[PDB]
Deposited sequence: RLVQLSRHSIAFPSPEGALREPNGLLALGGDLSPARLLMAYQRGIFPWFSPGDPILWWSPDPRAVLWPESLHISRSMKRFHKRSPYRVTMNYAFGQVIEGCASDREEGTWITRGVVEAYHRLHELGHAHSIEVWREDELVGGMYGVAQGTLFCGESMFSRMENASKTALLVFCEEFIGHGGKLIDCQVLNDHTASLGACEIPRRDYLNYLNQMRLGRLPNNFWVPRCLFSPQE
């Protein structure tokens, strides 16, 4: 039980055979190469380990998830956004976004940053940037999986920065066929946004269905999503 991955193959074990506690511990080792990383997201697996430990692969149950249209937005956030001081762009500065996420509280090691940077160069990881004038003040990134978006992490340096990043994204996302946003595990910030839990086999089905789905061919080209007043 709990398989040790081999650098030879890009294969993974059945998510269902994952540990129950720690929730979803399914394997360790291997590497963070595009093929394997990418293979993992297809199967609904994801890496998550601290500096010093070997690569830990997970596939929890339940699974945290966020329905784009269920994104809760308080009344004051709407007021704030109606006169937003922020500008939002897509794939303008993936590097800066991930480095910003990798600077808060730490589990985003130099290696993890390098790995997701490659999926960006190959066109699988994307970022949404939140700008306050000429300063990056927030954003988020993830790995697109068809009509499903696997949220990796966000960061904020200015009030409501990350919220406008996600609010705007959801609009753009939904508008073009976006279907769901994977959150992996539920936590305090993610929960206050409308994220919820559903069985691993429920999430896994969506994966198979949505991973085949397709958004506009140019949906991820870098551009501006929202301009301030």
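Missing from the model, relative to the deposited sequence, are the stretches 106-108, 233.
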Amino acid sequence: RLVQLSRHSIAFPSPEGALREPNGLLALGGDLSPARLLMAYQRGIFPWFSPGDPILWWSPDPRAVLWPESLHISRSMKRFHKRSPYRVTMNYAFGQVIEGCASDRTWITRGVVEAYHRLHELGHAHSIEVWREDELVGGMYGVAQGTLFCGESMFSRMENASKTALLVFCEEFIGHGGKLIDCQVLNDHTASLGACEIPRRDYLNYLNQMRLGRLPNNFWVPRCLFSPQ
From here on, numbers count along this sequence of modelled residues.
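Between two forms, the rigid core is defined as the largest C-alpha subset superposing within 1.5 Å.
Put simply, when the other structures in 8 other deposited structures of this protein are lined up on the rigid core, the C-alpha atoms of 182-190 lie farther off than those of the other stretch, from 182-190 and 40-48. When 136-144 is weighed against 68-76, 68-76 comes out higher, by mean CA B-factor as recorded in the entry.
Among the modelled residues of its chain, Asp61 has a C-alpha B-factor that falls in the middle third, as given in the PDB entry. Ranked against the other modelled residues of its chain, the C-alpha B-factor of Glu129 as given in the entry falls in the lowest third.
Per-chain ranking of the deposited C-alpha B factor places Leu38 in the highest third.
In the deposited entry, the Cα temperature factor of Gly194 sits in the bottom third of values across the chain's modelled residues. Annotation for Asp104: CA B-factor lies in the highest third of the chain's modelled residues.
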